[PDB]
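2 protein chains.
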Amino acid sequence: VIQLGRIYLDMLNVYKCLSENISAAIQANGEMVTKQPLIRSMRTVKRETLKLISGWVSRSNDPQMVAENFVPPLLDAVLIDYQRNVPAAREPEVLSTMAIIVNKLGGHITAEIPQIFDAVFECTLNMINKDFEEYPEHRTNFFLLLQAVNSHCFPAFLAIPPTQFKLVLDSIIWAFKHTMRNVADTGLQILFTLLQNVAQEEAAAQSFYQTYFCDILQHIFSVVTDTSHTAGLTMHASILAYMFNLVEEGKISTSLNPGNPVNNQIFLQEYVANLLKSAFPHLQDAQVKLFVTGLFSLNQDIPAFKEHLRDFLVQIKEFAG
Amino acid sequence: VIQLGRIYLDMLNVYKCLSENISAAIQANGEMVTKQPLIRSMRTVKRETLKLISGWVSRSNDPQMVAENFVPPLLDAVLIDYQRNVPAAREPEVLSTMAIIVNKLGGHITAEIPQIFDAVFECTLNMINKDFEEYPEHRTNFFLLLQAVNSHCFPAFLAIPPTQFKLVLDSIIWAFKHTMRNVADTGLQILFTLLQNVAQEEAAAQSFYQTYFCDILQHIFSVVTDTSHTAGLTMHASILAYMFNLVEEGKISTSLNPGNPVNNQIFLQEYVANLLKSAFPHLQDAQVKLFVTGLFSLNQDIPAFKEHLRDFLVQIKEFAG
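The listed protein sequences correspond, in order, to chains A and B.
Every position in the first sequence, counted from 1, becomes a number in PDB author numbering once 706 is added.
Every position in the second sequence, counted from 1, becomes a number in PDB author numbering once 706 is added.
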């Protein structure tokens, strides 16, 4: 019932003008500025403005209309302002607002994603991939946004520069490798969905597998291999089972190992075997082979697959402590 | 360096549209609404808007220009919206904003005080005078505004209707009779300043004395008289000293007691004497009479006057415990 229609442009105008007031105060007096009562008020109005615009958009019922008339002026007021400002001055509500228009408009704004990523993707990433849990709110909204593009504007991932997509996977990997069991599971959730969306893009699926399949596999295993971290074992099994099943069912037509083009099954078996032999040279060769065989054997029974993994971590922990 | 000129119009426009959004949500679904995230965001934007405007006005440098060009639209957007709303939806920053413009513009907006008081005085007063410490922020801002007007737009107190001017005094009395030292001293400080302001209004001065002098005197004593309440004794002494000095110097030309027109000195002596006798029938007439004479004797030595009062409390206290 929130109606912002008649003051919508007025709100964006106030937003842009307050942004400049904030920048100017920073370009002249540093970040300490951000603590002054009035600069805080200006930040608040920018923040609450996005929340209101977000709630207004999340309950509209004419996606094309919103996409053509409201989104353009919104991106004009928030994108470049977020990109060119010091981290201490970027409103995290800008990321959450993008996520909200994506979940609401999907395909109607897919063409807009590149423009949005160029403005908030890499700079936001550099703010959160720093171990130190600084900018926890941006980290949250970052993944809400990524989860949204992945869900309703998937094509955009192929649209952006391959080098940028590489960073997309890097943040996902970084996320499911995080100690905060909450972040890690959003990463695994994103990774699972992404792999499924990739399978729908038969045109580009092979390039993806060829480029990222083994990498992703290696990283997932590095996490399950890590002592004391049964956290998310369910999703690891879920993802691994899915990936192994793709190979067994011959969904990956390209030869993952272009070097020595053999069966992906044969290559994958050796590949995973080596990963494990390396991480644990103490492991008996024939037992590693049996463990890997079971990964394909149980690739369609997640609960069984999970237990299979669990048992193997005991055939390692016990051999240590 | 807050440059609102560019967006002032827009800000007031958003303020007005959000108010309507809030009113509609309330006047349709009860007060409970005010707790919803979006209604809160609206309220916050309205609040920060006033803070930004207040801060901008406080650093302006052309009082006349501001009063003729910025105050009118501001009052159009905030006054009636404040008055006709439910207490739970009246922004206390409206009161503080009014105080700031009064303290900055003074006589340039004296003509607007009547309009401001009609919109925020009584409704606010009724919100705070309820013993229960509710709306503690409105209360604080209420007196900040009252002080502003008293200090810079005194004449207005003569312009508003006498019945309203009587509510002004009632609230000042109510405040210095409060349990909170903080509130009480604000009341005493306002009272002292208003008494002085009245002295400069020769024409209206006599009318004031004739109507309020004895009442004020009685209320002050009722507080000084109260057991366990040494709080603000210095101010009580300062005010009483001032009042008795006015009478001794014949500044009150009109006859306080129109009934039995005698010397204000003679009448005032009996007046305070009886006040004390009624409240404390256990006091000796001659002892009371001496205490009163001492009030004129020391009316120009506040420290001595204060000690005079302190000693009299003991010539009452110990007679109990």
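Don't be surprised by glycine CBs; every beta carbon is placed ideally from N, CA and C.
query	result
At what residue ranges does the segment 906-943 of chain A contain a whole run of the alpha helix (DSSP H), taking only runs of 4 or more?	908-914, 920-931
Around the C-beta of A/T830, are 16 or more other C-beta atoms found within 10 angstroms, so that it is buried, or is it exposed?	buried
Answer with yes or no whether the minimum CB distance from A/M717 to chain B is below 8 Å.	yes
State the CB to CB distance for the pair A/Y714 and A/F776, rounded to an integer number of angstroms; the pair is presumed to be in contact (CB under 8 Å).	7 Å
What are the start and end residues of the alpha helix (DSSP H) that includes A/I708?	Where A/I708 is concerned, there is no enclosing alpha helix (DSSP H), given that its DSSP letter is neither H nor E.
Between B/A854 and B/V808, how many whole angstroms is the CB-CB distance? I'm expecting something under 8 Å.	4 Å
When you check each C-beta in the segment 798-826 of chain B against every C-beta of chain A, which residues fall closer than 9 Å?	none
Is B/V998 closer than 8 Å to B/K983 when the C-beta atoms are compared?	no
Would you list, in chain order, the members of the segment 744-757 of chain B that have their beta-carbon closer than 8 Å to a beta-carbon of chain A?	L744, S747, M748, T750, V751, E754, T755, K757
Can you check the segment 743-808 of chain A for any alpha helix (DSSP H) of at least 4 residues that lies completely inside it and give the ranges in chain order?	743-763, 769-775, 777-789
Could you give the C-beta distance for B/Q821 and B/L851, rounded to a whole number, given that I count them as a contact under 8 Å?	About 13 Å separates the two Cβ atoms, so there is no contact after all.
Just to check, is the beta-carbon of B/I866 closer than 7 Å to a non-hydrogen atom of the ligand SAH?	The ligand SAH is not among the ligands present in this structure, which contains no ligands whatsoever.
Taking 8 Å as the threshold (beta carbon to beta carbon), is A/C859 in contact with chain B?	no
In terms of residue numbering, what span does the alpha helix (DSSP H) encompassing B/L875 cover?	868-882
By Cβ distance below 6 Å, which residues in the same chain neighbour B/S961 in space, the five residues on each side in sequence not counted?	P967
Counting only the same chain and skipping the five closest in sequence on each side, list residues whose C-beta sits under 7 Å from that of A/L952.	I958
Assuming A/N1005 and A/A947 are in contact, meaning their beta carbons sit under 8 Å apart, how far apart are those beta carbons, in whole angstroms?	5 Å
Compare the C-alpha of A/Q912 against each of A/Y841, A/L897, A/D932, A/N970 and name the closest.	A/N970
For B/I806, I'd like the list of residues in its chain whose CB is within less than 7 Å of its CB, leaving aside the five on either flank, ordered along the chain.	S760, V763, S764
List, in order along the chain, the chain A residues whose C-beta lies closer than 8 Å to that of B/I713?	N719, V720, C723, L724
Quick test of your reading: A/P769 and A/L811, contact by CB under 8 Å. State the CB separation rounded to the nearest angstrom.	5 Å
Would you say A/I708 faces chain B, with C-beta separation under 8 Å as the test?	yes
Going by DSSP, what residue range makes up the alpha helix (DSSP H) through A/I728?	714-735
Looking only at C-alpha atoms, which of B/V800, B/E774, B/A794 sits nearest to B/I786?	B/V800
I need the straight-line Cα distance from A/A905 to B/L756, nearest angstrom please.	54 Å
What do you get for A/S802, buried or exposed, if any count of 16 or more other CB atoms within 10 angstroms of its CB means buried?	buried
For the segment 723-742 of chain B and the segment 735-753 of chain A, state whether three or more C-beta atom pairs, one from each stretch, are separated by less than 8 Å.	no
Any beta-carbon of chain B closer than 8 Å to the one on A/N966?	no
A/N727 CB to nearest chain B CB: under 8 Å?	yes
I think A/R845 touches A/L939, with their Cβ atoms under 8 Å apart; what is that distance to the nearest whole Å?	With a Cβ gap of about 23 Å, A/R845 and A/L939 do not count as contacting.
Going along the chain, which residues of its own chain have a beta-carbon closer than 7 Å to the beta-carbon of A/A1010, five neighbours each way excluded?	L1004
Helix or strand or just coil, what does DSSP make of B/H988?	coil
Look at the Cβ atom of B/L758, then the Cβ atom of A/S944, and state whether they are nearer than 8 Å.	no
Just mark A/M804 as buried or exposed, buried being the case when its beta carbon has 16 or more other beta carbons within 10 Å.	buried
Around the Cβ of B/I834, are there at least 16 other Cβ atoms within 10 angstroms (buried) or fewer (exposed)?	buried
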